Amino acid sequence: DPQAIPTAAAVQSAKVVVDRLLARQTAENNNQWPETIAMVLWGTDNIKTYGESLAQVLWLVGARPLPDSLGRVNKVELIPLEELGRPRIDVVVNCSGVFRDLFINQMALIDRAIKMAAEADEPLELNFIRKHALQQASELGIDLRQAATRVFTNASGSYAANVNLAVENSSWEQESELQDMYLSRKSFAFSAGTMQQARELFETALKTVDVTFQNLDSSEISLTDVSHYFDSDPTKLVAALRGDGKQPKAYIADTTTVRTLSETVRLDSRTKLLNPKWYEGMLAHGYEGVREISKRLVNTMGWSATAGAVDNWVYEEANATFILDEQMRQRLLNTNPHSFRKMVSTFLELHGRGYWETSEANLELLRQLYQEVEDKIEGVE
């Protein structure tokens, strides 16, 4: 029931997460407030939380919902700056296609809130939406309301950046290509039927991003269980667009019960890809199990592609665990030659793309093993 969202419980849960996100960012970077946060809104998650990440967006821009009598959220108002107790933070609101499919009315609500923030008569140092929208209105020669466009998604009918697909298929040379794919697919703006492409305004707003942010429940679907999270990650994109080339700080709120993306990748890697409990658990399935391990390594590479969030030691440990250990290598090779070949390919690709630095010895062995499994695959075929 899309008008039910967000509930007073979701509003209250969301305040805690946003205060924690801003506290970490200020404490780390010279007590500087971030100007703009790029964040993803997943539709399934907004069902389950009665609109927690929705409410996080409203909190950031200093808006509160207004349930009528039938518990419908039809309107917003601004929190006054003395109540907010900090600047209005600008937000690039990257809605999933599914969020768009289910919550067009709530995409309209966010939009009203941000335009409201933009038009407010308040000092620019306490209203980063207003500060940006005026600069943006001036640069591009448009209205302030037009300039205060922040609610973006896929084209009507479409899903995903297809950065996941690029990584899974190894069908790309430079990061610019992944970044071009994202900007070409995610630049469709909500406005008062049709998502209008607005690429130049999407790029302009993206260049103002200081922080990237997503909510995830690592207990249910971790950062590396699926490709959809790195698919939606604009961390390296923002660096590549910005005049100053500054990569924004990246965070993940884990809703299991706020970390840097780096911290979250390290936790997931030691819990899943590098953890004996996990990979032995997968190999118990046999043929499918080796596929799951290969998939994990590909999704980890995805985070290298979008964020450079994977420490070299993660790839060195994965190589030591699955390739250098002759016993484990033989089990992979014997159970699933096809997924073993993919894993060997993925280790060589990671070196090829500069995401993994390793010894000549390790690479020679990977090439040697690449030859041997192909020779075996063609053996039966």
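Each residue number is its position in the shown sequence, starting from 1.
The mean Cα B-factor in the deposited entry runs higher for 26 to 34 than for the other of 348 to 356 and 26 to 34. Looking at 307 to 315 and 117 to 125 together, the entry lists the larger mean B-factor for 117 to 125, computed on C-alpha atoms. Highest C-alpha temperature factor among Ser69, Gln327, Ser53, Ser339 per the entry: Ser69. Going by the entry's values, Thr194 shows the largest Cα B-factor out of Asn299, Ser269, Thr194, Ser262. Placement of the Cα temperature factor of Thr44 within the chain: highest third of the modelled residues, per the deposited record.
The deposited CA B-factor of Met343 belongs to the lowest third of values across its chain.
Among all modelled residues in this chain, the alpha-carbon of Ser170 has a temperature factor (C-alpha) in the lowest third.
Looking at the C-alpha B-factors along this chain, the one for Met107 belongs to the highest third. Per-chain ranking of the deposited C-alpha B factor places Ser232 in the lowest third.
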